[PDB]
Amino acid sequence: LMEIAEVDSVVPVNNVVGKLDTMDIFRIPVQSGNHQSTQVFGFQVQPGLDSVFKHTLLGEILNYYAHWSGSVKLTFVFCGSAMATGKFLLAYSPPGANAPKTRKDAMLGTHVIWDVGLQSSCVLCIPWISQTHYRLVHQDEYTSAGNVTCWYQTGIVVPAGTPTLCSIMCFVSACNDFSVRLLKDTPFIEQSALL
Amino acid sequence: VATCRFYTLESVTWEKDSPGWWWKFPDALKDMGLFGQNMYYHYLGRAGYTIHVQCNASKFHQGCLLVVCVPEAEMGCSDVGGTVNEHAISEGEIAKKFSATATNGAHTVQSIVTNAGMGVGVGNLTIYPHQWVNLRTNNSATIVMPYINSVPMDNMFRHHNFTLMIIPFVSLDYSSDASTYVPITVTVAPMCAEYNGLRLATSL
Amino acid sequence: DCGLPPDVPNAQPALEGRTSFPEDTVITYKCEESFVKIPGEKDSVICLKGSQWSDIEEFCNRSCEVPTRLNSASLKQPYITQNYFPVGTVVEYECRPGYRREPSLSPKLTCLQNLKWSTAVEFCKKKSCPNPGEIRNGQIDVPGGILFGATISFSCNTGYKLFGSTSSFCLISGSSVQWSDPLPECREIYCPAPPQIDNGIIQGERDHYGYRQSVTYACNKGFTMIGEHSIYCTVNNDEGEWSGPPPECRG
Amino acid sequence: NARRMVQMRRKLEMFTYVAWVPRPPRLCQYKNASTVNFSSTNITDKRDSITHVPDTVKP
Ligand SMILES: CCCCCCCCCCCCC/C=C/[C@H](O)[C@H](N)CO
């Protein structure tokens, strides 16, 4: 099954209200202008429990298991116009402290600065930093894995005649060191009577 | 050489609000020259496919498409109690269109794009062979699909081996006076086609 | 008076219940079952002087039944008025409305030696209606094709209401076949007013809210939000309704 | 047929042939055993905003 988990799957990061049944659930809104103070997105690293990940290929496979271990790949693709340029700071903050409220705080954690260009995708690899060898899929505070946030490193600059609002998509997969165990039934399927 | 060649289907218009399109194969080619003719006179068929999708737009257009081939894309009916018409799955060279909302009606597919007409996560379709068409990056997608089935050969009319889906995750967007018509064109070529069970042509 | 009229093979005389016939009586014969009278021949005798009937020759012979009724084609003149079809008779058909000729196929039937008509082929095929097209934010149900006599029905996706005809039929229209009714339109359904809340506001309230659109609430300074930060428009049976109660702002 | 109890059905339908050609796990609820019919299902569950990460370090 780990072969399946290592395949990128689109992440409904924008799991907001109303856009739970659109395609926009898979799009992170970004735009030109002075919006550095405004955070782009943020979520907890709960690949099988958080609503952001639990229904992805990685999340669904994990829900059949009680323990998981290994690194996670978050691939971000810029889906704007080729004439749009920008830079973003993708940060992973291990647990122990509240989520950052500013780019200064997030930069202090594990981060990568993404430059938009001919290569439209960048990968933020979440390393396995845990006191335990395994984490619970039904994560608690003891097995918390941290958070991921994005900030405008510089911003988005576009020329005349170019759309000012752009979108980003996030894909999630498992690295080659990922592993799960303790097979269990999944809570995403239920019935009340024989079909 | 008479069947293993590129056939181009009718193009589709990618609008700002376009849930997506799909085509079932080999039904989509039941009228493509001698490839369709061999299909009508034979009981068994077996062919790989080279699918080429084309969508060209300026560098001032932004958009992203998902081109994915789904083996055994058994669709589901909007009416949970009932079946689907062949017409609800495939119109031949004409594409079936997804929807941005739940669909109703008798014998019609539940074509809400989020569930992909199969009761699954649309974002999880990357497990199948797939490519993306990011207008800032590329303008075409190519997938080489061999023959996948639980049997060495099968009837091309009674069975749809795989379904080709095109789903824009990022809606097409442009500016004041850029080109508004951005089409998507699909070109498919059978590969290593074989036929068996020669007899009179079937009639639909 | 003559006695019984002469026996004629495969014909029966109308005697009308008597057995002695005055002079000049004319008796007519009718052919028996599976026999047809031969045009241009006498079918009657007459009682002559000397109590003697005039001679009559066999005037009945064979034929196929009237050709069976086809939904696709009708017999051409003069076959459509005829009932005498001896072996070797070839009739011709023409397409009924809703159908058109398949040129590679013959529209003729031959009466065979076993008194049956030859095998029927689809020399007239169904006339087809145009492509029904597409309904924006709706769907066309085509359950059995688009040929002459077909039915199709229209519906709208969740959050849209149908205005126009709900169905259409492929019916004959002069020289061809056409759809009875045009495609309908699926107009977006509008939800009721998102309810204001005590000690809170709606953030940038809009004029009209359609399917799945959301209203975001915010409490005034010094007030604590209890409930959903926003609600959204649901649409069922062509009627909109908010997903639930707005939040409370408590002091 | 393994299509009337939902858990084993969902486990088996993670592959097209049984394993070959894995499929995205069934997101929607099964309706009957004859078909794959489903009611339209949300992609996932909602949260408060796109940046919403709740504080866990607080007194
Ligand atoms: C003496 C009693 C013997 C009981 C026999 C019970 C099972 C006999 C048939 C087994 C074949 C079915 C095996 C399971 C496969 C599934 O039904 C599907 N075809 C696979 O998705």
# chains A, B, ... in the order shown; residues from 1 in each chain; ligands from 1
call {"tool": "residues_around", "arguments": {"residues": "residue 5 of chain A", "least_positions_apart": "2", "cutoff": "7 Å", "atoms": "only C-alpha atoms", "output": "VMD selection string"}}
result
chain A and resid 1 to 3 7 57 to 58 61 173 to 174
call {"tool": "select_by_dssp", "arguments": {"residues": "segment 96-157 of chain B", "states": "strand (DSSP E)", "output": "ChimeraX atom specification"}}
result
/B:96-97,130-134,140-145
call {"tool": "write_last_selection", "arguments": {"atoms": "N, CA, C and O atoms", "output": "short mmCIF file (atom, residue, chain, number, x, y, z; two decimals), in the first residue's frame"}}
result
data_model
loop_
_atom_site.label_atom_id
_atom_site.label_comp_id
_atom_site.auth_asym_id
_atom_site.auth_seq_id
_atom_site.Cartn_x
_atom_site.Cartn_y
_atom_site.Cartn_z
N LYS B 96 -18.90 14.09 -22.77
CA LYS B 96 -19.83 14.29 -21.67
C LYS B 96 -19.23 15.31 -20.71
O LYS B 96 -18.03 15.28 -20.43
N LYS B 97 -20.08 16.19 -20.20
CA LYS B 97 -19.63 17.32 -19.38
C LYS B 97 -19.97 17.07 -17.92
O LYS B 97 -21.10 16.70 -17.59
N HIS B 130 -1.69 9.99 -15.44
CA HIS B 130 -2.22 11.34 -15.56
C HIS B 130 -1.11 12.30 -15.93
O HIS B 130 0.08 12.00 -15.82
N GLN B 131 -1.53 13.48 -16.38
CA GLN B 131 -0.66 14.62 -16.62
C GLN B 131 -1.46 15.89 -16.39
O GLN B 131 -2.69 15.88 -16.41
N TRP B 132 -0.74 16.98 -16.15
CA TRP B 132 -1.36 18.28 -15.98
C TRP B 132 -0.95 19.20 -17.12
O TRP B 132 0.15 19.08 -17.67
N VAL B 133 -1.85 20.10 -17.48
CA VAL B 133 -1.60 21.09 -18.52
C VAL B 133 -1.69 22.45 -17.85
O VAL B 133 -2.77 23.04 -17.71
N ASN B 134 -0.55 22.96 -17.41
CA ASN B 134 -0.46 24.28 -16.81
C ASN B 134 -0.09 25.28 -17.90
O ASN B 134 0.98 25.16 -18.51
N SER B 140 0.38 20.73 -23.88
CA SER B 140 -0.08 19.44 -24.36
C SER B 140 0.23 18.39 -23.30
O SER B 140 1.13 18.56 -22.47
N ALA B 141 -0.53 17.30 -23.34
CA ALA B 141 -0.32 16.18 -22.45
C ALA B 141 -0.36 14.89 -23.25
O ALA B 141 -1.24 14.71 -24.11
N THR B 142 0.58 14.00 -22.98
CA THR B 142 0.70 12.74 -23.70
C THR B 142 0.72 11.59 -22.70
O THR B 142 1.51 11.61 -21.75
N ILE B 143 -0.13 10.60 -22.92
CA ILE B 143 -0.21 9.41 -22.09
C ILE B 143 -0.23 8.20 -23.01
O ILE B 143 -0.98 8.17 -23.98
N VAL B 144 0.60 7.21 -22.69
CA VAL B 144 0.65 5.97 -23.44
C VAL B 144 -0.04 4.91 -22.59
O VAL B 144 0.46 4.54 -21.52
N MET B 145 -1.18 4.43 -23.07
CA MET B 145 -2.01 3.50 -22.31
C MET B 145 -1.97 2.13 -22.98
O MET B 145 -2.47 1.99 -24.11
#
call {"tool": "atom_distance", "arguments": {"atom1": "atom CA of residue 31 of chain C", "atom2": "atom CA of residue 82 of chain C"}}
result
16.5 Å
call {"tool": "residues_near_ligand", "arguments": {"ligand": "ligand 1", "cutoff": "12 Å", "atoms": "only C-alpha atoms and all ligand atoms", "output": "PyMOL selection string"}}
result
(chain B and resi 150) or (chain D and resi 1-5+8-20+33)
call {"tool": "interface_residues", "arguments": {"of": "chain A", "to": "chain C", "cutoff": "12 Å", "atoms": "only C-alpha atoms", "output": "PyMOL selection string"}}
result
chain A and resi 16-22
call {"tool": "interface_residues", "arguments": {"of": "chain B", "to": "chain C", "cutoff": "7 Å", "atoms": "only C-alpha atoms", "output": "JSON, numbers by chain"}}
result
{"B": [85, 87, 101, 102, 103, 104, 105, 106, 108]}
call {"tool": "interface_residues", "arguments": {"of": "chain A", "to": "chain D", "cutoff": "7 Å", "atoms": "only C-alpha atoms", "output": "PyMOL selection string"}}
result
chain A and resi 13-17+20-21+39-44+51+55+57+60+97-99+189-191+194-195
call {"tool": "select_by_dssp", "arguments": {"residues": "segment 42-156 of chain B", "states": "helix (DSSP H, G or I)", "output": "list in words"}}
result
residues 86, 87, 88, 89, 122, 123, 124, 125, 126 and 127 of chain B
call {"tool": "write_last_selection", "arguments": {"atoms": "N, CA and C atoms", "output": "tab-separated table (two decimals), in the first residue's frame"}}
result
chain	number	residue	atom	x	y	z
B	86	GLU	N	-26.53	4.13	-22.10
B	86	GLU	CA	-25.21	4.26	-22.75
B	86	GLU	C	-25.03	5.75	-23.07
B	87	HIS	N	-26.11	6.43	-23.44
B	87	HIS	CA	-26.02	7.84	-23.79
B	87	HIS	C	-25.52	8.68	-22.63
B	88	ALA	N	-25.80	8.26	-21.40
B	88	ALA	CA	-25.36	9.00	-20.22
B	88	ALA	C	-23.88	8.81	-19.92
B	89	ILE	N	-23.25	7.78	-20.49
B	89	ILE	CA	-21.83	7.53	-20.28
B	89	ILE	C	-20.97	8.06	-21.42
B	122	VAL	N	-11.97	13.60	-6.27
B	122	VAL	CA	-11.41	14.04	-7.54
B	122	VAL	C	-9.91	14.28	-7.42
B	123	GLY	N	-9.47	14.81	-6.28
B	123	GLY	CA	-8.05	15.04	-6.08
B	123	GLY	C	-7.22	13.78	-5.99
B	124	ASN	N	-7.86	12.64	-5.76
B	124	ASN	CA	-7.18	11.35	-5.68
B	124	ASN	C	-7.07	10.65	-7.02
B	125	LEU	N	-7.53	11.28	-8.11
B	125	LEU	CA	-7.41	10.69	-9.43
B	125	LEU	C	-5.97	10.62	-9.93
B	126	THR	N	-5.03	11.25	-9.23
B	126	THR	CA	-3.62	11.17	-9.61
B	126	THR	C	-3.07	9.75	-9.51
B	127	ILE	N	-3.75	8.85	-8.80
B	127	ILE	CA	-3.30	7.46	-8.72
B	127	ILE	C	-3.30	6.81	-10.10
call {"tool": "atom_distance", "arguments": {"atom1": "atom CA of residue 199 of chain B", "atom2": "atom CA of residue 124 of chain C"}}
result
24.4 Å
call {"tool": "interface_residues", "arguments": {"of": "chain A", "to": "chain B", "cutoff": "9 Å", "atoms": "only C-alpha atoms", "output": "MDAnalysis selection string"}}
result
chainID A and resid 4 7:12 21:24 26:27 55:57 78:84 118:120 161:163 166:169 171
call {"tool": "write_last_selection", "arguments": {"atoms": "N, CA, C and O atoms", "output": "CSV table (one decimal), in the first residue's frame"}}
result
chain,number,residue,atom,x,y,z
A,4,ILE,N,1.0,3.2,-3.1
A,4,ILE,CA,-0.1,4.2,-3.3
A,4,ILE,C,0.2,5.5,-2.6
A,4,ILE,O,0.0,6.6,-3.1
A,7,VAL,N,2.3,8.5,-3.9
A,7,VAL,CA,1.8,9.2,-5.1
A,7,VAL,C,1.1,10.5,-4.7
A,7,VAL,O,0.4,10.5,-3.7
A,8,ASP,N,1.5,11.6,-5.4
A,8,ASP,CA,0.9,12.9,-5.0
A,8,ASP,C,-0.6,12.9,-5.2
A,8,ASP,O,-1.1,12.3,-6.1
A,9,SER,N,-1.3,13.5,-4.3
A,9,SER,CA,-2.7,13.7,-4.3
A,9,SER,C,-3.0,15.1,-3.9
A,9,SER,O,-2.4,15.7,-3.0
A,10,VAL,N,-4.0,15.7,-4.6
A,10,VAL,CA,-4.3,17.1,-4.4
A,10,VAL,C,-4.9,17.3,-3.0
A,10,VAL,O,-5.8,16.5,-2.5
A,11,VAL,N,-4.6,18.4,-2.3
A,11,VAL,CA,-4.9,18.6,-0.9
A,11,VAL,C,-6.0,19.7,-0.8
A,11,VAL,O,-5.7,20.8,-1.2
A,12,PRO,N,-7.1,19.4,-0.3
A,12,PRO,CA,-8.2,20.4,-0.1
A,12,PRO,C,-7.8,21.4,1.0
A,12,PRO,O,-8.4,21.3,2.1
A,21,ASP,N,-17.7,21.6,-1.6
A,21,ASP,CA,-18.1,20.8,-2.7
A,21,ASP,C,-17.8,21.4,-4.1
A,21,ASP,O,-18.5,21.1,-5.0
A,22,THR,N,-16.8,22.3,-4.1
A,22,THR,CA,-16.4,22.9,-5.4
A,22,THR,C,-15.0,22.3,-5.8
A,22,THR,O,-14.6,21.4,-5.1
A,23,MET,N,-14.4,22.8,-6.8
A,23,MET,CA,-13.1,22.4,-7.1
A,23,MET,C,-12.2,23.3,-6.4
A,23,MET,O,-11.0,22.9,-6.1
A,24,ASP,N,-12.7,24.5,-6.0
A,24,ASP,CA,-11.9,25.6,-5.3
A,24,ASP,C,-11.4,25.1,-4.0
A,24,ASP,O,-10.5,25.7,-3.4
A,26,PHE,N,-9.5,22.8,-3.7
A,26,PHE,CA,-8.1,22.4,-4.0
A,26,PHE,C,-7.2,23.6,-4.3
A,26,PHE,O,-6.1,23.4,-4.8
A,27,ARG,N,-7.7,24.8,-4.1
A,27,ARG,CA,-7.0,26.0,-4.6
A,27,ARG,C,-6.7,27.0,-3.4
A,27,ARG,O,-7.6,27.3,-2.7
A,55,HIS,N,-8.7,12.7,3.9
A,55,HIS,CA,-9.3,12.1,2.7
A,55,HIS,C,-8.5,12.1,1.5
A,55,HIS,O,-9.0,11.8,0.4
A,56,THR,N,-7.2,12.3,1.6
A,56,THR,CA,-6.3,12.2,0.5
A,56,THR,C,-5.8,10.7,0.3
A,56,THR,O,-6.2,9.8,1.1
A,57,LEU,N,-5.0,10.4,-0.7
A,57,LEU,CA,-4.5,9.1,-0.9
A,57,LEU,C,-3.7,8.6,0.4
A,57,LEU,O,-3.8,7.5,0.9
A,78,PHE,N,2.5,26.6,-8.6
A,78,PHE,CA,1.9,27.9,-8.9
A,78,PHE,C,1.2,27.8,-10.2
A,78,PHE,O,1.8,27.4,-11.3
A,79,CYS,N,-0.1,28.1,-10.2
A,79,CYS,CA,-1.0,27.9,-11.4
A,79,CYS,C,-1.5,29.3,-11.9
A,79,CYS,O,-2.6,29.4,-12.3
A,80,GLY,N,-0.6,30.3,-11.9
A,80,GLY,CA,-0.9,31.6,-12.5
A,80,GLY,C,-0.3,31.7,-13.9
A,80,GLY,O,0.1,30.7,-14.5
A,81,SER,N,-0.4,32.9,-14.4
A,81,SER,CA,0.2,33.2,-15.7
A,81,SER,C,1.7,33.2,-15.7
A,81,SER,O,2.3,33.5,-14.7
A,82,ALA,N,2.3,32.8,-16.8
A,82,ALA,CA,3.7,32.7,-17.0
A,82,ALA,C,4.4,34.1,-16.8
A,82,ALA,O,5.6,34.1,-16.5
A,83,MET,N,3.6,35.2,-17.0
A,83,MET,CA,4.2,36.5,-16.8
A,83,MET,C,4.1,36.9,-15.3
A,83,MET,O,4.6,38.0,-15.0
A,84,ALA,N,3.5,36.1,-14.4
A,84,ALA,CA,3.5,36.5,-13.0
A,84,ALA,C,4.7,35.8,-12.3
A,84,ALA,O,5.0,34.7,-12.5
A,118,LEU,N,10.2,29.0,-14.4
A,118,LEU,CA,9.9,27.9,-15.4
A,118,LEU,C,9.5,26.6,-14.7
A,118,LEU,O,8.6,25.9,-15.2
A,119,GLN,N,10.2,26.3,-13.6
A,119,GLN,CA,9.8,25.2,-12.8
A,119,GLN,C,8.6,25.6,-11.8
A,119,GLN,O,8.9,26.4,-10.9
A,120,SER,N,7.4,25.1,-12.1
A,120,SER,CA,6.2,25.6,-11.5
A,120,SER,C,6.0,25.0,-10.1
A,120,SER,O,5.0,25.4,-9.4
A,161,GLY,N,-2.4,43.9,-18.3
A,161,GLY,CA,-3.1,42.9,-19.0
A,161,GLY,C,-3.0,41.5,-18.5
A,161,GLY,O,-3.2,40.6,-19.2
A,162,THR,N,-2.6,41.4,-17.2
A,162,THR,CA,-2.4,40.1,-16.6
A,162,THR,C,-3.3,40.0,-15.4
A,162,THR,O,-3.5,40.9,-14.7
A,163,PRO,N,-3.9,38.8,-15.1
A,163,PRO,CA,-4.8,38.6,-14.0
A,163,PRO,C,-4.0,38.9,-12.7
A,163,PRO,O,-2.9,38.5,-12.5
A,166,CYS,N,-4.2,34.9,-8.4
A,166,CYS,CA,-3.7,33.6,-8.8
A,166,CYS,C,-4.1,32.5,-7.7
A,166,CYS,O,-4.6,32.9,-6.7
A,167,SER,N,-3.8,31.3,-8.1
A,167,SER,CA,-4.1,30.2,-7.2
A,167,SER,C,-2.9,29.2,-7.1
A,167,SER,O,-2.0,29.2,-8.0
A,168,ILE,N,-2.8,28.5,-5.9
A,168,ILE,CA,-1.8,27.5,-5.7
A,168,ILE,C,-2.5,26.2,-5.3
A,168,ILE,O,-3.5,26.3,-4.6
A,169,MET,N,-1.9,25.1,-5.7
A,169,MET,CA,-2.4,23.8,-5.4
A,169,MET,C,-1.3,23.1,-4.6
A,169,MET,O,-0.1,23.2,-4.9
A,171,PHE,N,0.0,19.2,-3.2
A,171,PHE,CA,0.0,17.8,-3.3
A,171,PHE,C,0.7,17.2,-2.2
A,171,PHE,O,1.7,17.7,-1.7
call {"tool": "residues_around", "arguments": {"residues": "residue 87 of chain A", "least_positions_apart": "5", "cutoff": "12 Å", "atoms": "only C-alpha atoms", "output": "number ranges by chain"}}
result
A: 30-32, 36, 78, 112-117, 120-122, 150-157
call {"tool": "atom_distance", "arguments": {"atom1": "atom CA of residue 13 of chain B", "atom2": "atom CA of residue 183 of chain B"}}
result
4.6 Å
call {"tool": "residues_around", "arguments": {"residues": "residue 170 of chain C", "least_positions_apart": "4", "cutoff": "6 Å", "atoms": "only C-alpha atoms", "output": "ChimeraX atom specification"}}
result
/C:129,148-150,178-179
call {"tool": "decode", "arguments": {"residues": "segment 12-36 of chain B", "atoms": "N, CA, C and O atoms", "output": "mmCIF file, in the first residue's frame"}}
result
data_model
loop_
_atom_site.group_PDB
_atom_site.id
_atom_site.type_symbol
_atom_site.label_atom_id
_atom_site.label_comp_id
_atom_site.auth_asym_id
_atom_site.auth_seq_id
_atom_site.Cartn_x
_atom_site.Cartn_y
_atom_site.Cartn_z
ATOM 1 N N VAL B 12 -13.440 20.925 -27.559
ATOM 2 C CA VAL B 12 -14.345 21.428 -26.537
ATOM 3 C C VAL B 12 -13.859 22.805 -26.115
ATOM 4 O O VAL B 12 -12.677 23.132 -26.240
ATOM 5 N N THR B 13 -14.786 23.615 -25.619
ATOM 6 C CA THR B 13 -14.502 24.994 -25.254
ATOM 7 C C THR B 13 -14.248 25.066 -23.754
ATOM 8 O O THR B 13 -15.132 24.736 -22.957
ATOM 9 N N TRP B 14 -13.048 25.494 -23.378
ATOM 10 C CA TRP B 14 -12.706 25.699 -21.977
ATOM 11 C C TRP B 14 -13.125 27.113 -21.597
ATOM 12 O O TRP B 14 -12.504 28.090 -22.025
ATOM 13 N N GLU B 15 -14.187 27.224 -20.807
ATOM 14 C CA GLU B 15 -14.684 28.505 -20.337
ATOM 15 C C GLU B 15 -14.205 28.759 -18.910
ATOM 16 O O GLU B 15 -13.551 27.921 -18.285
ATOM 17 N N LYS B 16 -14.528 29.947 -18.392
ATOM 18 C CA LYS B 16 -14.203 30.252 -17.003
ATOM 19 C C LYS B 16 -14.920 29.317 -16.040
ATOM 20 O O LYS B 16 -14.369 28.963 -14.992
ATOM 21 N N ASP B 17 -16.142 28.909 -16.371
ATOM 22 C CA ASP B 17 -16.919 27.973 -15.561
ATOM 23 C C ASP B 17 -17.129 26.710 -16.395
ATOM 24 O O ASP B 17 -18.131 26.563 -17.099
ATOM 25 N N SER B 18 -16.169 25.795 -16.312
ATOM 26 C CA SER B 18 -16.214 24.530 -17.041
ATOM 27 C C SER B 18 -15.842 23.403 -16.089
ATOM 28 O O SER B 18 -14.658 23.248 -15.745
ATOM 29 N N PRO B 19 -16.817 22.628 -15.609
ATOM 30 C CA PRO B 19 -16.489 21.560 -14.652
ATOM 31 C C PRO B 19 -15.509 20.544 -15.213
ATOM 32 O O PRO B 19 -14.644 20.051 -14.479
ATOM 33 N N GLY B 20 -15.613 20.227 -16.489
ATOM 34 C CA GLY B 20 -14.722 19.272 -17.116
ATOM 35 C C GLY B 20 -15.455 18.469 -18.169
ATOM 36 O O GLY B 20 -16.625 18.697 -18.461
ATOM 37 N N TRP B 21 -14.729 17.504 -18.734
ATOM 38 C CA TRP B 21 -15.252 16.651 -19.790
ATOM 39 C C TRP B 21 -14.694 15.249 -19.616
ATOM 40 O O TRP B 21 -13.682 15.043 -18.941
ATOM 41 N N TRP B 22 -15.360 14.276 -20.233
ATOM 42 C CA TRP B 22 -14.829 12.924 -20.250
ATOM 43 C C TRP B 22 -15.273 12.207 -21.516
ATOM 44 O O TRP B 22 -16.279 12.559 -22.139
ATOM 45 N N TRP B 23 -14.496 11.191 -21.887
ATOM 46 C CA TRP B 23 -14.775 10.338 -23.032
ATOM 47 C C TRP B 23 -14.437 8.909 -22.650
ATOM 48 O O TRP B 23 -13.409 8.660 -22.015
ATOM 49 N N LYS B 24 -15.292 7.972 -23.037
ATOM 50 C CA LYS B 24 -15.011 6.565 -22.814
ATOM 51 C C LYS B 24 -14.365 5.987 -24.067
ATOM 52 O O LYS B 24 -14.731 6.347 -25.188
ATOM 53 N N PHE B 25 -13.405 5.090 -23.871
ATOM 54 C CA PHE B 25 -12.681 4.492 -24.985
ATOM 55 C C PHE B 25 -12.771 2.976 -24.932
ATOM 56 O O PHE B 25 -12.407 2.370 -23.911
ATOM 57 N N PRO B 26 -13.247 2.327 -25.994
ATOM 58 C CA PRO B 26 -12.978 2.651 -27.394
ATOM 59 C C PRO B 26 -14.193 3.254 -28.097
ATOM 60 O O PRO B 26 -14.123 3.550 -29.286
ATOM 61 N N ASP B 27 -15.320 3.409 -27.389
ATOM 62 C CA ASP B 27 -16.531 3.961 -27.993
ATOM 63 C C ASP B 27 -16.252 5.269 -28.722
ATOM 64 O O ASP B 27 -16.853 5.548 -29.765
ATOM 65 N N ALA B 28 -15.357 6.092 -28.176
ATOM 66 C CA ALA B 28 -15.024 7.375 -28.782
ATOM 67 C C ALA B 28 -14.443 7.234 -30.182
ATOM 68 O O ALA B 28 -14.378 8.229 -30.911
ATOM 69 N N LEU B 29 -14.028 6.028 -30.576
ATOM 70 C CA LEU B 29 -13.418 5.798 -31.881
ATOM 71 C C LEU B 29 -14.186 4.769 -32.702
ATOM 72 O O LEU B 29 -13.621 4.176 -33.625
ATOM 73 N N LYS B 30 -15.464 4.542 -32.392
ATOM 74 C CA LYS B 30 -16.236 3.550 -33.134
ATOM 75 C C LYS B 30 -16.563 3.993 -34.553
ATOM 76 O O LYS B 30 -17.231 3.243 -35.272
ATOM 77 N N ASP B 31 -16.085 5.166 -34.981
ATOM 78 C CA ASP B 31 -16.357 5.696 -36.312
ATOM 79 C C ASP B 31 -15.094 6.290 -36.928
ATOM 80 O O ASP B 31 -15.185 7.061 -37.890
ATOM 81 N N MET B 32 -13.923 5.946 -36.391
ATOM 82 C CA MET B 32 -12.642 6.470 -36.861
ATOM 83 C C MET B 32 -12.092 5.578 -37.969
ATOM 84 O O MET B 32 -11.267 4.691 -37.744
ATOM 85 N N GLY B 33 -12.545 5.847 -39.190
ATOM 86 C CA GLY B 33 -12.055 5.125 -40.353
ATOM 87 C C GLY B 33 -12.099 3.624 -40.180
ATOM 88 O O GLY B 33 -13.088 3.054 -39.707
ATOM 89 N N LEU B 34 -11.006 2.963 -40.574
ATOM 90 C CA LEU B 34 -10.965 1.507 -40.537
ATOM 91 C C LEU B 34 -10.839 0.954 -39.123
ATOM 92 O O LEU B 34 -11.071 -0.243 -38.926
ATOM 93 N N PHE B 35 -10.460 1.778 -38.142
ATOM 94 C CA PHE B 35 -10.469 1.306 -36.761
ATOM 95 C C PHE B 35 -11.886 0.987 -36.305
ATOM 96 O O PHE B 35 -12.127 -0.044 -35.667
ATOM 97 N N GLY B 36 -12.839 1.862 -36.626
ATOM 98 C CA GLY B 36 -14.227 1.586 -36.299
ATOM 99 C C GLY B 36 -14.785 0.427 -37.099
ATOM 100 O O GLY B 36 -15.569 -0.374 -36.583
#
